[PDB]
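A.B. asks: What follows is data_14.cif; its format and atoms are mmCIF, C-alpha atoms.
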```cif
data_structure
loop_
_atom_site.group_PDB
_atom_site.id
_atom_site.type_symbol
_atom_site.label_atom_id
_atom_site.label_comp_id
_atom_site.auth_asym_id
_atom_site.auth_seq_id
_atom_site.Cartn_x
_atom_site.Cartn_y
_atom_site.Cartn_z
ATOM 1 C CA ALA A 1 0.000 0.000 0.000
ATOM 2 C CA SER A 2 1.083 3.635 -0.731
ATOM 3 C CA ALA A 3 0.052 4.778 2.815
ATOM 4 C CA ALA A 4 -1.748 3.151 5.825
ATOM 5 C CA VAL A 5 -5.330 4.477 6.610
ATOM 6 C CA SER A 6 -7.647 3.209 9.436
ATOM 7 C CA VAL A 7 -10.881 4.435 11.238
ATOM 8 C CA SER A 8 -11.854 3.210 14.822
ATOM 9 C CA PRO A 9 -15.037 3.163 15.823
ATOM 10 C CA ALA A 10 -16.307 2.527 12.193
ATOM 11 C CA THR A 11 -19.389 0.176 12.704
ATOM 12 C CA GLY A 12 -22.740 0.425 14.641
ATOM 13 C CA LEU A 13 -22.929 4.248 14.133
ATOM 14 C CA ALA A 14 -26.171 6.354 14.654
ATOM 15 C CA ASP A 15 -27.162 10.106 14.451
ATOM 16 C CA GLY A 16 -25.111 12.606 16.637
ATOM 17 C CA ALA A 17 -21.930 10.337 16.547
ATOM 18 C CA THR A 18 -18.313 11.591 15.824
ATOM 19 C CA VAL A 19 -15.527 9.310 14.363
ATOM 20 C CA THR A 20 -11.643 9.568 14.748
ATOM 21 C CA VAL A 21 -9.893 9.228 11.305
ATOM 22 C CA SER A 22 -6.090 8.474 11.252
ATOM 23 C CA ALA A 23 -3.282 8.543 8.626
ATOM 24 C CA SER A 24 0.483 7.664 8.498
ATOM 25 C CA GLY A 25 3.344 7.551 5.871
ATOM 26 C CA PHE A 26 4.050 10.264 3.145
ATOM 27 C CA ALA A 27 6.408 10.879 0.160
ATOM 28 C CA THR A 28 4.392 12.290 -2.830
ATOM 29 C CA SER A 29 1.675 14.245 -0.880
ATOM 30 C CA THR A 30 2.618 17.605 0.919
ATOM 31 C CA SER A 31 -0.916 18.193 2.497
ATOM 32 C CA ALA A 32 -4.104 16.159 3.512
ATOM 33 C CA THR A 33 -7.969 16.643 3.736
ATOM 34 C CA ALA A 34 -10.891 14.289 4.790
ATOM 35 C CA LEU A 35 -13.854 14.936 2.367
ATOM 36 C CA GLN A 36 -17.052 12.708 2.156
ATOM 37 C CA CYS A 37 -19.527 12.493 -0.878
ATOM 38 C CA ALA A 38 -22.841 10.664 -1.744
ATOM 39 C CA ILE A 39 -22.742 8.528 -4.984
ATOM 40 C CA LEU A 40 -26.128 8.634 -6.965
ATOM 41 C CA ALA A 41 -27.328 6.842 -10.228
ATOM 42 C CA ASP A 42 -25.789 9.575 -12.496
ATOM 43 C CA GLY A 43 -22.526 9.445 -10.355
ATOM 44 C CA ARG A 44 -22.127 13.310 -9.957
ATOM 45 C CA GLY A 45 -19.809 14.425 -7.055
ATOM 46 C CA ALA A 46 -22.495 15.713 -4.549
ATOM 47 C CA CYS A 47 -20.228 16.826 -1.570
ATOM 48 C CA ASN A 48 -20.866 19.241 1.373
ATOM 49 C CA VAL A 49 -18.518 22.343 1.658
ATOM 50 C CA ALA A 50 -19.059 23.127 5.465
ATOM 51 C CA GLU A 51 -17.712 19.702 6.895
ATOM 52 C CA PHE A 52 -14.087 20.439 5.569
ATOM 53 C CA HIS A 53 -10.840 21.080 7.652
ATOM 54 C CA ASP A 54 -7.718 21.603 5.314
ATOM 55 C CA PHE A 55 -4.342 21.893 7.279
ATOM 56 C CA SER A 56 -0.671 20.785 6.693
ATOM 57 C CA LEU A 57 1.050 17.591 8.054
ATOM 58 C CA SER A 58 2.649 17.833 11.584
ATOM 59 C CA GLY A 59 5.665 15.783 10.421
ATOM 60 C CA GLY A 60 4.056 12.813 8.622
ATOM 61 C CA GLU A 61 0.633 12.232 10.465
ATOM 62 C CA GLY A 62 -2.617 14.321 10.822
ATOM 63 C CA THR A 63 -5.528 13.008 12.979
ATOM 64 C CA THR A 64 -8.941 14.877 12.894
ATOM 65 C CA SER A 65 -12.538 14.520 14.357
ATOM 66 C CA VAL A 66 -15.272 14.730 11.536
ATOM 67 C CA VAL A 67 -19.149 14.800 12.155
ATOM 68 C CA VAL A 68 -21.602 12.308 10.340
ATOM 69 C CA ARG A 69 -25.301 13.550 10.212
ATOM 70 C CA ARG A 70 -28.244 11.427 8.791
ATOM 71 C CA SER A 71 -28.954 14.151 6.071
ATOM 72 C CA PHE A 72 -27.124 17.269 4.631
ATOM 73 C CA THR A 73 -27.455 19.951 1.894
ATOM 74 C CA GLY A 74 -25.336 18.635 -1.078
ATOM 75 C CA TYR A 75 -23.357 20.922 -3.550
ATOM 76 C CA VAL A 76 -22.701 19.928 -7.303
ATOM 77 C CA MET A 77 -19.617 21.924 -8.855
ATOM 78 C CA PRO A 78 -19.028 25.955 -8.419
ATOM 79 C CA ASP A 79 -21.755 26.568 -11.137
ATOM 80 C CA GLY A 80 -24.794 24.859 -9.379
ATOM 81 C CA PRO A 81 -28.020 24.726 -9.169
ATOM 82 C CA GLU A 82 -28.090 23.240 -5.595
ATOM 83 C CA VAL A 83 -29.878 19.789 -5.136
ATOM 84 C CA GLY A 84 -31.056 20.432 -1.504
ATOM 85 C CA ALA A 85 -31.588 17.930 1.343
ATOM 86 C CA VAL A 86 -30.887 14.263 0.204
ATOM 87 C CA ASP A 87 -30.536 11.119 2.452
ATOM 88 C CA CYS A 88 -27.391 8.883 2.347
ATOM 89 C CA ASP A 89 -29.271 5.601 3.189
ATOM 90 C CA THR A 90 -31.641 5.786 0.099
ATOM 91 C CA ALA A 91 -28.754 5.914 -2.528
ATOM 92 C CA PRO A 92 -27.419 2.411 -4.030
ATOM 93 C CA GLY A 93 -23.617 2.910 -3.403
ATOM 94 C CA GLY A 94 -24.080 5.004 -0.186
ATOM 95 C CA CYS A 95 -21.579 7.350 1.593
ATOM 96 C CA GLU A 96 -17.775 6.563 1.620
ATOM 97 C CA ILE A 97 -15.024 8.624 3.430
ATOM 98 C CA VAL A 98 -12.036 9.466 1.030
ATOM 99 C CA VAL A 99 -8.550 10.744 2.232
ATOM 100 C CA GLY A 100 -5.877 11.929 -0.316
ATOM 101 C CA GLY A 101 -3.371 14.736 -1.106
ATOM 102 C CA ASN A 102 -3.478 17.478 -3.788
ATOM 103 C CA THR A 103 -1.316 15.334 -6.236
ATOM 104 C CA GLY A 104 -3.682 12.365 -7.120
ATOM 105 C CA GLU A 105 -3.554 9.783 -4.205
ATOM 106 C CA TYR A 106 -6.764 7.954 -2.980
ATOM 107 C CA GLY A 107 -7.788 5.349 -0.323
ATOM 108 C CA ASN A 108 -11.558 4.668 0.161
ATOM 109 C CA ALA A 109 -13.085 3.117 3.407
ATOM 110 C CA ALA A 110 -16.862 2.234 3.760
ATOM 111 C CA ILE A 111 -18.917 2.414 7.081
ATOM 112 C CA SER A 112 -22.125 0.413 8.253
ATOM 113 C CA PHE A 113 -25.205 1.435 10.397
ATOM 114 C CA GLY A 114 -26.632 -0.791 13.208
#
```
Please express the file's structure as structure tokens.
C.D. replies:
Amino acid sequence: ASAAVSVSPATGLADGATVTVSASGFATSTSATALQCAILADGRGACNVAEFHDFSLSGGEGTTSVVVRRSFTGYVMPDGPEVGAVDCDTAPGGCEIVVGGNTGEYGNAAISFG
């Protein structure tokens, strides 16, 4: 693997919960974010802009606490129009947390409700 990624707790989640994402090992990447998006039938990148963090690496690690609500106002590209309130549980693929630098790295990790 290019870099080790792991989430703990990651199963039996409900509304009002807060996870603890982790990351270790770097070489290509010089920064790191922790964005989340809802896949639909058309596959457009519907991602929320208010749940972001964006900050440099401390040396080669960068832990951060992200919130996971049952519903949120999605945003499709800087042009719009806005979609509005859409549920994550009704979609086929469902929500997936993605971690990666500004270069082109990726490392997906799915979750599961009780």
A.B. asks: Evaluate the PyMOL selection byres ((chain A and resi 95) around 10) on the structure here and hand back the selected residues as a list in words.
C.D. replies: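 With the shown file as input, the PyMOL selection byres ((chain A and resi 95) around 10) matches residues 36, 37, 38, 39, 40, 87, 88, 89, 91, 92, 93, 94, 96, 97, 98, 109, 110, 111 and 112 of chain A.
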A.B. asks: Just say which residues the PyMOL selection byres ((chain A and resi 22-24) around 9) picks in this file, as a list in words.
C.D. replies: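 Given this file, the PyMOL selection byres ((chain A and resi 22-24) around 9) evaluates to residues 3, 4, 5, 6, 7, 8, 20, 21, 25, 26, 60, 61, 62, 63, 64 and 99 of chain A.
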A.B. asks: To test the calculation: enclose all listed atoms of segment 66-82 of chain A in a box whose edges run along x, y and z, add 4 Å on each side, then state centre and edge lengths in Å to one decimal, as AutoDock Vina command-line options.
C.D. replies:
```
--center_x -22.1 --center_y 19.0 --center_z 0.5 --size_x 21.7 --size_y 23.1 --size_z 31.3
```
A.B. asks: Rank nothing, just name the residue among A:56, A:77, A:2, A:67 nearest to residue 33 of chain A, using all atoms listed in the file.
C.D. replies: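 So, comparing all the options, the nearest one is A:56.
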A.B. asks: Residues near residue 53 of chain A, anyone? I mean within 10 Å using only C-alpha atoms, not counting same-chain ones fewer than 5 positions away, as an NGL selection string.
C.D. replies: :A and (32-35 or 64-66)
A.B. asks: By how many Å are atom CA of residue 46 of chain A and atom CA of residue 79 of chain A apart?
C.D. replies: 12.7 Å
A.B. asks: Which distance in Å separates atom CA of residue 84 of chain A and atom CA of residue 104 of chain A, to one decimal?
C.D. replies: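 Taking atom CA of residue 84 of chain A and atom CA of residue 104 of chain A, their separation equals 29.1 Å.
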A.B. asks: So how many Å separate atom CA of residue 105 of chain A and atom CA of residue 29 of chain A, to one decimal?
C.D. replies: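 So the answer is 7.6 Å.
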A.B. asks: Please, can segment 38-55 of chain A be completed to N, CA, C and O atoms and returned as an mmCIF file, in the frame of the given file?
C.D. replies:
```cif
data_model
loop_
_atom_site.group_PDB
_atom_site.id
_atom_site.type_symbol
_atom_site.label_atom_id
_atom_site.label_comp_id
_atom_site.auth_asym_id
_atom_site.auth_seq_id
_atom_site.Cartn_x
_atom_site.Cartn_y
_atom_site.Cartn_z
ATOM 1 N N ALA A 38 -21.721 11.650 -1.489
ATOM 2 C CA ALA A 38 -22.841 10.664 -1.744
ATOM 3 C C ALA A 38 -22.942 10.320 -3.242
ATOM 4 O O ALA A 38 -23.226 11.198 -4.042
ATOM 5 N N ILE A 39 -22.688 9.048 -3.564
ATOM 6 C CA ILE A 39 -22.742 8.528 -4.984
ATOM 7 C C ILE A 39 -24.258 8.324 -5.259
ATOM 8 O O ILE A 39 -24.965 7.877 -4.372
ATOM 9 N N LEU A 40 -24.680 8.733 -6.470
ATOM 10 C CA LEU A 40 -26.128 8.634 -6.965
ATOM 11 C C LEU A 40 -26.087 7.788 -8.264
ATOM 12 O O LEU A 40 -25.030 7.275 -8.582
ATOM 13 N N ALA A 41 -27.232 7.644 -8.947
ATOM 14 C CA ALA A 41 -27.328 6.842 -10.228
ATOM 15 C C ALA A 41 -26.482 7.453 -11.353
ATOM 16 O O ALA A 41 -25.778 6.733 -12.040
ATOM 17 N N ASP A 42 -26.556 8.782 -11.448
ATOM 18 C CA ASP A 42 -25.789 9.575 -12.496
ATOM 19 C C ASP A 42 -24.269 9.638 -12.152
ATOM 20 O O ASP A 42 -23.452 9.868 -13.035
ATOM 21 N N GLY A 43 -23.948 9.430 -10.869
ATOM 22 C CA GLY A 43 -22.526 9.445 -10.355
ATOM 23 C C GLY A 43 -21.870 10.832 -10.234
ATOM 24 O O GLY A 43 -20.648 10.885 -10.257
ATOM 25 N N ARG A 44 -22.678 11.891 -10.093
ATOM 26 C CA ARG A 44 -22.127 13.310 -9.957
ATOM 27 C C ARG A 44 -21.564 13.445 -8.534
ATOM 28 O O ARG A 44 -22.126 12.862 -7.624
ATOM 29 N N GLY A 45 -20.484 14.203 -8.396
ATOM 30 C CA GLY A 45 -19.809 14.425 -7.055
ATOM 31 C C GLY A 45 -20.568 15.381 -6.113
ATOM 32 O O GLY A 45 -20.111 16.500 -5.934
ATOM 33 N N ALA A 46 -21.657 14.890 -5.503
ATOM 34 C CA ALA A 46 -22.495 15.713 -4.549
ATOM 35 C C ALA A 46 -21.812 15.657 -3.174
ATOM 36 O O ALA A 46 -21.971 14.676 -2.464
ATOM 37 N N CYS A 47 -21.001 16.706 -2.883
ATOM 38 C CA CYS A 47 -20.228 16.826 -1.570
ATOM 39 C C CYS A 47 -20.490 18.160 -0.851
ATOM 40 O O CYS A 47 -20.600 19.199 -1.488
ATOM 41 N N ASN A 48 -20.610 18.056 0.483
ATOM 42 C CA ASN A 48 -20.866 19.241 1.373
ATOM 43 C C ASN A 48 -19.559 20.038 1.553
ATOM 44 O O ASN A 48 -18.506 19.429 1.709
ATOM 45 N N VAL A 49 -19.689 21.370 1.510
ATOM 46 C CA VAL A 49 -18.518 22.343 1.658
ATOM 47 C C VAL A 49 -18.222 22.782 3.120
ATOM 48 O O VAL A 49 -17.090 23.110 3.400
ATOM 49 N N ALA A 50 -19.221 22.713 3.999
ATOM 50 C CA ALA A 50 -19.059 23.127 5.465
ATOM 51 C C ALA A 50 -18.368 22.109 6.409
ATOM 52 O O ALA A 50 -17.823 22.542 7.413
ATOM 53 N N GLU A 51 -18.357 20.820 6.040
ATOM 54 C CA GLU A 51 -17.712 19.702 6.895
ATOM 55 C C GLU A 51 -16.163 19.566 6.702
ATOM 56 O O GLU A 51 -15.525 18.771 7.388
ATOM 57 N N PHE A 52 -15.591 20.432 5.870
ATOM 58 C CA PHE A 52 -14.087 20.439 5.569
ATOM 59 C C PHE A 52 -13.203 20.902 6.759
ATOM 60 O O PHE A 52 -13.737 21.417 7.732
ATOM 61 N N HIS A 53 -11.880 20.696 6.608
ATOM 62 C CA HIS A 53 -10.840 21.080 7.652
ATOM 63 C C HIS A 53 -9.657 21.802 6.977
ATOM 64 O O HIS A 53 -9.476 22.976 7.233
ATOM 65 N N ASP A 54 -8.935 21.083 6.100
ATOM 66 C CA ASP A 54 -7.718 21.603 5.314
ATOM 67 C C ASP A 54 -6.587 22.244 6.176
ATOM 68 O O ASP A 54 -6.693 23.391 6.592
ATOM 69 N N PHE A 55 -5.544 21.449 6.456
ATOM 70 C CA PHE A 55 -4.342 21.893 7.279
ATOM 71 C C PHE A 55 -3.164 20.976 6.919
ATOM 72 O O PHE A 55 -3.376 19.831 6.553
#
```
